[PDB]
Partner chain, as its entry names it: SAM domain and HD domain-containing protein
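Okay, so here's just one chain, in structure tokens, the form solved without its partner chain.
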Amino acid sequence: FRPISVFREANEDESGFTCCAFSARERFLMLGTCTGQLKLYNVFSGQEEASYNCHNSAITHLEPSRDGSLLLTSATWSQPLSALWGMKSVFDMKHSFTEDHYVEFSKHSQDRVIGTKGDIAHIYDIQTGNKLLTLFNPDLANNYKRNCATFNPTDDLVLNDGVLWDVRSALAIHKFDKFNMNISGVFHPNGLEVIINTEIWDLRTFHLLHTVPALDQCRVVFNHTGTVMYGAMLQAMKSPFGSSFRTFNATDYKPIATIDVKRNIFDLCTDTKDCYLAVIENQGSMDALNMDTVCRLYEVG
């Protein structure tokens, strides 16, 4: 991991970056802020290119669509909590998702949104904004504190609160046992495995494939080719993560690197060519009057 660039928020006594994702335009990173702005930066010069006030509370998550035309955001206490934005010509709001505190696109065909409200997942149509499905079974809930509902790479399975759902049937297929308080899991991009905290489960057999202790309390991100997995660990404006991230081979789950950047991490993401890792790092503690985050770009890569 060679450092390539660093920048702080412009136009600001203190720097309030909270989350990031590369745009569909190469060289440009999208970042959310603690005042609910979405900004576009040149990742090498550190130049702010554009700004929009998406929310009147801190941005906690964003996801751009692959084709460049849409963006999801989630805020902190604002109503609506999550929204979908169009970014063709004029930046505008298309839909909002009133009490969903987290939202993702579908993966194969990005025509749906999946939102999380506590233990409950909601699936929405992008065009109409309509709620198509609610996935929730009170007998199967794990009540994970950092529940994030997510589609599998083919958009036909959902993981919500440690429960595997079939989207077409709207039926729970399997409940994975609860082995931690917080992390609910993701799908591996191979379509065959799920990573729930320290457990890797096979989707065809439900056997345990691997135990990876170093994934405890880690938010997992994959690079775009699906060969490397990045883990940032939840903290014991408070940072969501501690100051180290871990990388693993995505095919055999063997450790590649432990990087302690010595600053609490707010977010990390890779570009679509997997040359770079962008990391939001806090120069301040949570005791500071104000936030002072930087975006650091590392070549992996």
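Positions refer to the first chain, counted from 1.
Keep in mind that the form solved in complex with its partner chain is not shown, yet the notes after this line are about it.
Within 4.5 Å of its partner chain in the deposited bound form, a heavy atom is found for not a single one of 177, 211 and 214. Its partner chain is not drawn, but in the deposited bound form it has a heavy atom within 4.5 Å of residue 92. Its partner chain in the deposited bound form is not approached by residue 233, whose heavy atoms all lie more than 4.5 angstroms from it.
Not displayed here, its partner chain is approached by residue 35 to within 4.5 Å at the level of heavy atoms in the deposited bound form.
Remark: residue 70 does not count among the residues lining its partner chain in the deposited bound form, judged by a heavy atom distance of 4.5 Å or less.
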